[PDB]
Protein chains: 2
Amino acid sequence: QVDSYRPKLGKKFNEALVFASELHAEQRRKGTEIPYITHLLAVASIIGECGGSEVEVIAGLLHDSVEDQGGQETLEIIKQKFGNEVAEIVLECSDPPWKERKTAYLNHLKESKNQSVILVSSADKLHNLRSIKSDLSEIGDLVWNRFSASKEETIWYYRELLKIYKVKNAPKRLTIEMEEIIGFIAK
Amino acid sequence: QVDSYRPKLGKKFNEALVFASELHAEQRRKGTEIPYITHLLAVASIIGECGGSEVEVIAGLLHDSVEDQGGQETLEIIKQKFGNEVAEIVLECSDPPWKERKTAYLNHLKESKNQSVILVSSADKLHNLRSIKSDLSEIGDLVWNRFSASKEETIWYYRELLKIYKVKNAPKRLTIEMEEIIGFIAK
Ligand SMILES: [Mn+2]
Ligand SMILES: [Mn+2]
C-alpha cells in the first residue's frame, strides 16, 4: 500500500472515489437495477483518458452529486474535501417549459469560461450516449420508455450539445464518437 | 457519509477502488501518459452495467493486479482484503511461441467453469477495443506502434476471443459491440 511519489491521480482522487460511491450508493441508473456509481466511474475514466487533471477527474466523479445527492449542502462538503475548483466545475455543470430550459443550459455551456466544464460535460454525454446504444442492443425501442422527453427531442438535444462541444474545442476523441453514436441511435 | 443498508456495491467495493488505484498509481496505459486506473474503472463500470455482482465488479478492478503489480504476493493480499472468490477470478483471468501462448489462453477461457471469468474477461477486452478505436481517431495507424504483435495478429486474437465469449454466453450487450468495433478497426 505504498503511496507513490506525486502520482497524477492520488490521495484526493482516491478519497473522491469513495465519496462518490458512498453518496450515490442507493441511486440506480434510471429504469434499471444498475448502481449509479457505474456512470460516475465511466465518466471519470473518459476524462482521464483525455488527459484530464486530477481536479477534472474528481469533478467527473462528482458531476451529478449536487443535482442528485443533496444540493448546496453537498456542494459545501465537496469544497471541504476537494476544494473550490472542483466545486466550481460541479456547480457550473449542474442545471419553465422544457425546450426553454434546454436552450438555457445549452447557452450556459456555450458561454462558459471554464474548459474543465466542457471536458466533464462532454464525457458525461458520451457515456450517456454509449449507454443508450448498448441498451438499444438489448431491449430495442423499450429504451425510450425511460426518458422524460421524446426520441426526437432527445436526438435534437444531443445534436445541439455536440455542436457546442465542437465550438468549445472539446476533445475530438469524444466528439468523433458522439457524432457516430447520434447517427446510429437516430436510425 | 451515511452507509446505506445492504447496497449492491458497498464497503468492500469502495476498499477495492482505493486498493486498485494505490496499487496501479504509477502504471500508465502502454505508450501513453494516461493513468492505468482509467482502464480498471472502465472495466468495473462495464461489469456493473451487465448486472455484475460485487465480487465480479471487484474482480474487474483487480483483474490486472497479479500480472502487473506483484504476482503471488499481491494475490495473497487480494485474498486477505476481498476473499478467495475474488482472488480465484483474478487468478483464472491471469495468463513459448507467441501464437501457442495465445492459443493456450483461448483454450483456457473456453474450458473455464467460472462464468464470472467470462464476464470480467469480456469487459476487459471491450474496453481495450474501445480504446483502440478512440486512439485511431486521434493518431491513426500510429496506434499500432504500441503493440507487441502485428495488426493482423491482434485482429485474429480479438476475433477468436469474440467467438469464445459467444459460446460461453457472455452478455450480448458486450459481444454485439465487440463485433462492431473489430470490423471497424479491421478497416
Ligand atoms: Mn451524468
Ligand atoms: Mn485489462
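Being closer than 22 Å to A:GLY70 by Cβ and either acidic (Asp, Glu) or more than 7 Å from chain B (Cβ to nearest Cβ) (or both) is the filter here, so list the residues in the range A:33-55 that pass it. Across the range A:33-55, the qualifying residues are A:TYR36, A:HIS39, A:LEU40, A:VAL43, A:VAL55. In the range B:1-28, the qualifying residues are those that are in contact with a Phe, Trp or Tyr (Cβ under 9 Å, 6 or more places away or on another chain) and within 8 Å of another protein chain (Cβ to nearest Cβ), and the one that is nearest to A:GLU33 (Cα to Cα) is B:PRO7. Counting residues in the range B:73-81 that are more than 16 Å from ligand 1 (Cβ to nearest atom) and more than 14 Å from every other protein chain (Cβ to nearest Cβ) gives one or more.
Can you run down the residue pairs with Cβ atoms below 6 Å, 6 or more apart or on separate chains, where the first is in the range A:9-24 and farther than 16 Å from A:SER45 by Cα and the partner is part of a loop (DSSP other than H, G, I, E, B) and among the hydroxyl-bearing types (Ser, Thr, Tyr)? Going by the 6 Å Cβ cut-off, the qualifying pairs are A:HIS24/A:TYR36.
Taken together, A:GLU88, A:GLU100 contain a single residue that is away from ligand 2 (no atom under 16 Å from the Cβ), buried (at least 16 other Cβ atoms within 10 Å of the Cβ) and part of a helix (DSSP H, G or I), which is A:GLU88. Candidates B:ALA123, B:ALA149: the one that is closer than 28 Å to A:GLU49 by Cα and not in a helix (DSSP H, G or I) is B:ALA149. Summed over the range B:167-187, residues that are away from chain A (no Cβ under 14 Å) and crowded, with 16+ Cβ neighbours inside 10 Å total 2. Please determine whether any residue of the range B:65-84 is assigned to a helix (DSSP H, G or I), small (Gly, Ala, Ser) and buried (at least 22 other Cβ atoms within 10 Å of the Cβ). Yes - at least one qualifying residue is present in the range B:65-84.
Just the residues that are within 13 Å of chain B (Cβ to nearest Cβ) and surrounded by fewer than 13 Cβ atoms within 10 Å (Cβ to Cβ), please, taken from the range A:124-151. Within the range A:124-151, A:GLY140 is the sole residue that qualifies. Restricting the range A:12-52 to residues that are buried (at least 24 other Cβ atoms within 10 Å of the Cβ) and assigned to a loop (DSSP other than H, G, I, E, B) leaves a set whose member that is farthest from ligand 2 (Cβ to nearest atom) is A:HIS24.
Note: ideal-geometry Cβ built from the backbone for every residue, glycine included; neighbour counts use all protein chains shown. Throughout, read-outs are computed from the coordinates displayed, never taken from laboratory work.
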